[PDB]
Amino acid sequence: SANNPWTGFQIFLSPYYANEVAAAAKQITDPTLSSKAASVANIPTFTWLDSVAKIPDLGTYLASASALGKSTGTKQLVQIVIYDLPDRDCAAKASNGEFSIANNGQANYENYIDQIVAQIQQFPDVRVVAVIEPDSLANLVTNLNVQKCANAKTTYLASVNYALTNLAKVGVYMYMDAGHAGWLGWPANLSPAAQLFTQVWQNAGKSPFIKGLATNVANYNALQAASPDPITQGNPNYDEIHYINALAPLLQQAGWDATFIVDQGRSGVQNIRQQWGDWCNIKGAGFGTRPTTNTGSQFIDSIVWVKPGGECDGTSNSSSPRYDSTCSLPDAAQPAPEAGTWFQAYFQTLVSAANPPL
């Protein structure tokens, strides 16, 4: 499109991920690898607003970015993930979301959005890009047979709508999560997905700030695969570029010339999964293509690092109340700590296996 949110801006580098990386690099014993690990702190990532407790961090990042831009003559851009739906991750065996539909989820989520908007409103000289609710709308395409998802459908739609509608009022550039090629990229899922995303875009007023869709968030697919990963058998859309090339025209026909961003933060190593759906701490993952607007596709505004590699996807401990058995599969690195906490051994391999090399 004409307006790529990133062009002409300096991305704000998460100091938190930076602090996680710095603490991680000092523990890596090979000197060459330690220095490569430390440099990961210079690679832009998304900040996950996975709870209300993270909202003051957003405020600090906006204010810090504003000052850094004035100190360097740059216009700054802060990258966030909106990730706090009631009954979050409805098809998972476990979720870490603090809100539940049964306990005023809709009002509580609205208040979470209101608090985020109230921060963003105070810093109009900083640009914000938001990924909207990973692991949400995609479930409403393929997983309505999951009763928790069927029962969450109206809440997911209403809450995502509230986020889009109100973040647009403060000029946030938004990409709704749209799964990945092995989820919504199956040819038969493309039209149901397009119908859902376009209804969501319509309900939120077709705001020009709703730029399009984010794919491969927290996943491991190639953007452009040299050859299909065996997990993809049966799906001609075996990588993200095939998925995006197929989905984009369906959105265009609806009047939404949507563009895309693609997570590649853990995509450096292909052919590491037993089954395509295995998502938790996949063993042997490497850091992938660094964020760039040089994407190779008319439809793609940026390659991004949405999930911050090194932060765990979930515990392998079956005694945890947050345990999802996906995190104990033969292709999941174990033992693994609780979701979001630092997984040092996993980070060190992400560095060692980075492709392109760091």
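The numbering used is simple: start at 1 and walk along the sequence shown.
Item to check | Of 261-269 and 222-230, the stretch whose C-alpha atoms average the higher B-factor in the entry | outcome: Looking at the record's C-alpha B-factors, the answer is 222-230.
Checklist entry - Out of 93-101 and 114-122, which one has CA B-factors that are higher on average in the deposited record? => result If you average the C-alpha B-factors of 93-101 and of 114-122, the larger mean comes out for 93-101.
Item to check | Residue selected from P208, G277, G212, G286 by maximal Cα B factor | outcome: That would be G277, according to the entry.
Next on the checklist: Test of reading the entry: by CA B factor among the chain's modelled residues, which third contains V40?
Outcome noted: Middle third - that is where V40 ends up once the chain's C-alpha B-factors are sorted.
Item to check | CA B-factor ranking of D313, expressed as a third of its chain | outcome: Ranked within chain, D313 CA B lands in the highest tercile.
Checklist entry - Should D331 be placed in the lowest, middle or highest third of its chain by the C-alpha B factor in the entry? => result It falls in the top third of the chain.
Item to check | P291 - which third its CA temperature factor falls in, relative to the rest of the chain | outcome: Lowest third, going by the recorded CA B-factors of the chain.
Next on the checklist: Going by the CA temperature factor in the PDB record, which third of the chain does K54 belong to: lowest, middle or highest?
Outcome noted: Middle third of the chain for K54's C-alpha B-factor.
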